[PDB]
């Protein structure tokens, strides 16, 4: 079976409880995770140890908090007490865990399922070939010996409009924002990097990225996490918003792909 789970945010107990609910069995089943494995919840260290141990039985995409953790580890960014990352950062296997983490994808595609996963979704300004190329470019910088330079370079809110002519720092920043920070778009598809509210509460003329017809969404189902204020609701057919806010006192959500059956684990918080 194929299971997809939204943002875990260090909620190790809820993750394991949900996987036990569906009798997740590596070798028979595959788990997709939308990223943001770490921060806020108490168990980022246990989450990373477990997910890394799954090997080929898990298909991860990196989220914005995963990248922030990598920036803290590399001395690029300051640790915020609220993130509850110190046990992971101080662990004896931190290097092993974080060098594995930075090598994980930004984008997962299963052609037989016609299923695409990214942390924030797929901007309607991208077709599939472009999304693939952009994921490969950023994955290349993150897996390289010089990844602290990219992590420093990623921070920024501009440019917010895709063009194949984008180059250099702006290109990398857009790619990072599209995969890991996207929520709202302007009518022309340009990213808004400020509004984090639910679709009903956003200022006009902002619309969710998935409300704008895009070439990937016309051919593929898209699963994503990230947007907790969406509460997993309000999406069109073929769009699966899996982040139901577990670390916020919401729930952890698991979707089984074969029958589109949902399983939910209440937050312990």
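Residue numbers count along the first chain shown, from 1.
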| property | result |
| --- | --- |
| Which of 156-164 and 121-129 has higher mean CA B factor, as the PDB entry lists it | 156-164 |
| Residue range whose averaged C-alpha B-factor is higher in the record, 33-41 or 196-204 | 196-204 |
| Of the residues 176, 79, 99, 108, the one carrying the largest Cα B-factor as recorded | 79 |
| Candidate set 24, 12, 257, 248 [ranked by C-alpha B-factor, highest] | 248 |
| For residue 265, the third of its chain into which the C-alpha B factor falls | middle |
| Among modelled residues of the same chain, the CA temperature factor third for residue 72 | lowest |
| Among modelled residues of the same chain, the CA temperature factor third for residue 229 | highest |
| Ranked against its chain, the third holding the CA B-factor of residue 135 | middle |
| Third assignment of residue 182 from its chain's C-alpha B-factors | middle |
